[PDB]
Amino acid sequence: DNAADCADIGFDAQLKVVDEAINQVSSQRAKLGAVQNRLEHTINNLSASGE
Amino acid sequence: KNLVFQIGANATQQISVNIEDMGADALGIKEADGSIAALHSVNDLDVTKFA
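- By the method listed in its record, cryo-EM, this PDB entry was determined to a resolution of 4.4 Å.

If you want it as structure tokens, here you go:
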């Protein structure tokens, strides 16, 4: 129907929002990786303190 | 009705294309013309009018 000059049927808008969903998933995964790094770090301290 | 080929991965990485040829593709002002510049491709004057 039209090129990227509508923002609701535009191609650019489409591709943008898909890429943003990707950025939200990627962000979430990134956070979780950080969190389990935090956890592991702690577990080292927990076991140490336990000794 | 311009033609948008996607060319790159991201937004706007694209081009435009157009085309026109048919029977009425003789000399084009904005339309072809009236009694001239349309028939010359479509209907030749080579009926008798050269005589």
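Here the narrative resumes.
### Section: the overall build of chain A
At step 1: In terms of regular secondary structure, chain A is built from one helix and zero strands.
At step 2: In terms of C-alpha radius of gyration, chain A reaches 21 Å, well past the compact-globule figure of 10 Å for 51 residues.
At step 3: For chain A, the spread of C-alpha atoms along the three principal axes comes to 70 × 10 × 10 Å.
At step 4: Buried residues in chain A amount to 12% of all 51 residues.
At step 5: Surface accessibility of chain A: about 4,400 Å² in total, with carbon and sulfur atoms responsible for 51%.
At step 6: Taking the average location of the 4 positive side-chain charges in chain A and that of its 8 negative ones, the two points are 10 Å from each other.

### So, a nonpolar patch on the surface
At step 1: Side chains of A:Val35, A:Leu39, A:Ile43 and A:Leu46 sit close together on the surface and give an oily, nonpolar patch of about 370 Å² of accessible area.
At step 2: When you line up the elements, A:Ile43 lands in helix α1 (residues 11–50).

### Describing the interface of chain A and chain B
The figure often quoted for interface size is the accessible area lost as the parts come together.
At step 1: Contacts between chain A and chain B engage four residues on the former and six residues on the latter.
At step 2: When the two sides are added together, the surface that chain A and chain B hide from each other amounts to roughly 410 Å², 56% of it contributed by carbon and sulfur.
At step 3: Connecting chain A to chain B are zero salt bridges.
At step 4: Residues that form the side of chain A that touches chain B fall into these classes: three nonpolar, no polar and one charged.

Reading the values: rules and limits
Residues numbered from 1 in each chain as written, not as in the entry; some residues may be left out. Chains lettered and ligands numbered in written order. Part of a larger assembly, values for the part shown. Heavy atoms only, no water. Helix = DSSP H or I, 4+ residues; strand = E, 2+ residues; numbered from the N terminus. Rg over C-alpha atoms; globule rule 2.2 N^0.38 Å. Buried < 20%, exposed > 50% of the residue type's maximum accessible area, 1.4 Å probe, protein only. Areas by Shrake-Rupley, 256 points an atom, 1.4 Å probe, with all protein chains shown as cover. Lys, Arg positive; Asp, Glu negative; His and termini not counted. Charge placed at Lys NZ, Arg CZ, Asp CG, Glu CD. Patch = residues over 30% accessible without salt bridge, like charges linked within 9 Å, V, L, I, M, F, W, Y side chains within 5 Å. Salt bridge = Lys/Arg side-chain N within 4 Å of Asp/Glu carboxyl O. Contact = heavy atoms within 4.5 Å. Buried area = accessible area lost by both parts, 1.4 Å probe. Nonpolar A, V, L, I, M, F, W, Y, C, P; charged D, E, K, R; others polar.

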